[PDB]
Every structure is written in structure tokens, then in C-alpha cells.
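Shown below, as C-alpha cells, is a lone chain in the form deposited without the named molecule; questions about how it binds or moves come after it.
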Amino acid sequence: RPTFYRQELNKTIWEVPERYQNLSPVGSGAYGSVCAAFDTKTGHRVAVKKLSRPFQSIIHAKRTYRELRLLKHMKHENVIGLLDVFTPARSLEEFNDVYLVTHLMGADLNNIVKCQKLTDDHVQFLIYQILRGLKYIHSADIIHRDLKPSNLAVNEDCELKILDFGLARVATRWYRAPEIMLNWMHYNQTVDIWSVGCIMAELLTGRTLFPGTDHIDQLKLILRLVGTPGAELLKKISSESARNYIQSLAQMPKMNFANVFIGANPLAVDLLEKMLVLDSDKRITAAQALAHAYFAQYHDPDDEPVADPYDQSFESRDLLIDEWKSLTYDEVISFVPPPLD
């Protein structure tokens, strides 16, 4: 057990190991507050997050366990990993606070764009890394579910990492696939490919692609580009009311993407066409995208690793708050730090 030192910031007690110094409140939310600090062990700055009452309810306890299990499993150059996880508690009996530590990479995609105009090269490398980390993630049967520019950290060398996975079950909505946004059916990994598509388009034209004011307004902007649903997709929509509303819409034909992204790399326009397909079963997968001509200068099959098996059977267990809490404690207890470089 390291030596802890406790201090009060923004009216919140932070008790952490002495290795973390000069803690600076970076922000807060209903999830927990986050502090910026310098990690004297790696010599790198980091993000220290203190969870907000991890075990308030069965729901929260389980959600806490899911986040911890997910972060511990993530080991890839393009995905944020768990640098450290700790609790000042000396036993389960007193276990109550959970602290998560991750790398502070530089800036999110939005802050990059706001600073400079990107070259087609940058977009290539950026989208490539996104798909590279996504390939890793999807191979583990994990779906991020909330990809957007704010969840993309980029460093000075244009290197990228995916952060903040969606754990729950305008902005966000603008990069969401339609089957999710309106709960049309059980969705698959390709929802993230839909997000990548929206993000790529924005980087190329400097404009949000589907900035709808509300769900209906967005669905219309979307269906106007890709065309209205066909019978094949319709039969997949489980909601009878949903199907009913779709059929009520005035049919629309898919647009020629070349006519929307004038002046962009023909290869990037092709890739977009492949990602922005309305039927999720027809969208290109992460692995498939890495092999697309647009990324010819960065693609390397021997350097696009998949992940180990990720066991999610826990999602279907019905446990007591304290069982979920003890499970979480066990995970904290068994955490092995990443090799020092």
C-alpha cells in the first residue's frame, strides 16, 4: 500500500498515493470529478477520476464494475488504458471510494480542428488510428456506442486514442447511428463505424454532417443523404410503431456522395459511402476499412492486433449491491500496472 495524503479541492476530499502531485480540478459531472496531476512514477501528466458514489444502488454498483472491467481489459496503442486504480480503503469493510487513473494525451479532436486546418494526410492517419483501435475493440465484442470528436484525444505527433466508452446501457446524437438514436432494433458494432463516418466527413468539409435539432430533424437529414429504408431493412426494425412511421415517410433516393463532398479525395468519398450505409448489416467493418485504398500508406496487417477474449457473462448476473461492490474490490485488488517504458 502506497502512502496516501488527503486534501480538499472544489469541496471534495481527494485521498491518493503520494506519486500523484499538483492535483488540479479539470472538471466534474454526475459520474465523478476529474483532476489533472503529475505522475512522479512515470514522469507523465495524468487524469485522476474519483467516481461519484460507485455503490449508491445495485445499478450504480454494477455500472461501476462494468467500467472497471472494461478499462482493465483495454491494452492497445489507440485506446485509453488503465494506468492505475486505487482506493484509500484498507479492506472491503471500509471500501467506498474508487479512483481511476489514465493518461492525459494532449487535446481532443475538436480542439485540434479549432487550432489549424488539417491536410488530407492528417485525416488519413487520424481515421486510420480510429479504425485500428476500433478493430481491437470490436474483436472483443465491445461496442463503444458514443464516438464523437470530444472522445478522441490527439497528441503533437497526430497520434490518437479512443476514450470514454459509453457505459450507460445537440452533440452526441449527431454522430449516432439511426437504429440507436430511435431504438429501432438491437444494434451491432457497426454503430461505431457510422460514428467514424460522421467524424470523417466533418474533418473533410469542416461541417457537422447531421446536426439535427431533434431526433426527427436528424433522421430527415440522414435519410435525405442515404435514402429512405427498403423492405429488407424495414423487416429488421422490431418496433411496429417505428416501421409504421418509416413507411409514412415520402420515399427518397440515395444521393451521390461525390455531389456532396466536392473536391475531396475520391478514395475518402468512397470509404464514406461504405460507412454511411443505412442498413447496419451492410456497413463496412473496422477490419475491412483498414484494408481500404484510402489508408494504403498506413495499413499493415501484421500491426493491427485484435484483443483477448472479454468475458461479459457478468451482465446477466442478478447480484446484491454488496456482491457487486465486493466484485469491484477484487478487481481493484488484482490490478497489475502497465510495464514502465
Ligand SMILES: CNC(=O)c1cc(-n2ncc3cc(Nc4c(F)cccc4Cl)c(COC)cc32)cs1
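Between two forms, the rigid core is defined as the largest C-alpha subset superposing within 1.5 Å. So that there is no doubt, residue numbering starts at 1 and follows the sequence shown.
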Inset, instruction - Go through the other compared entries with residues on either side of residue 224 and state whether a third or more give it no coordinates. - result: no
Legend entry - Gap at residue 243 across at least one third of the other PDB entries: no
Legend entry - Where residue 117 meets residue 118 in the shown sequence, the number of deposited residues left unmodelled: none
Legend entry - 266-274 set against 232-240, stretch whose average Cα temperature factor tops the other in the entry: 232-240
Inset, instruction - Averaging the C-alpha B factors as listed in the entry, name the stretch that ends up higher: 170-178 or 109-117. - result: 170-178
Inset, instruction - For the C-alpha B-factor as written in the entry, point me to the maximum among 217, 93, 202, 84. - result: 93
Inset, instruction - Within this chain's modelled residues, let me know which third the CA B factor of residue 20 belongs to: lowest, middle or highest. - result: middle
Legend entry - Among modelled residues of the same chain, the CA temperature factor third for residue 46: middle
Legend entry - Third of chain Cα B-factors occupied by residue 31: highest
Inset, instruction - Would you mind ranking residue 136 by its C-alpha B-factor against the rest of the chain and naming the third, lowest, middle or highest? - result: lowest
Legend entry - Ranked against its chain, the third holding the CA B-factor of residue 210: middle
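In what follows, reference is made to the form solved in complex with the named molecule, a form of this protein that is not presented.
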Legend entry - Candidate site 49, 80 and 100: all three near the named molecule in the deposited complex by heavy atom within 4.5 Å: yes
Inset, instruction - Would you please decide whether residue 151 lies within 4.5 angstroms of the named molecule in the deposited complex, comparing each non-hydrogen atom pair? - result: yes
Inset, instruction - Flag residue 34 as yes or no: does it have a non-hydrogen atom within 4.5 angstroms of any non-hydrogen atom of the named molecule in the deposited complex? - result: yes
Inset, instruction - Any residue of 100-122 with a heavy atom within 4.5 Å of the named molecule in the deposited complex counts; write them all down in order. - result: 100, 101, 102, 103, 104, 105, 106, 107, 108
Inset, instruction - Note yes or no: does the Cα of residue 305 move by 2 Å or more between this form and the one not shown after the core is superposed? - result: no
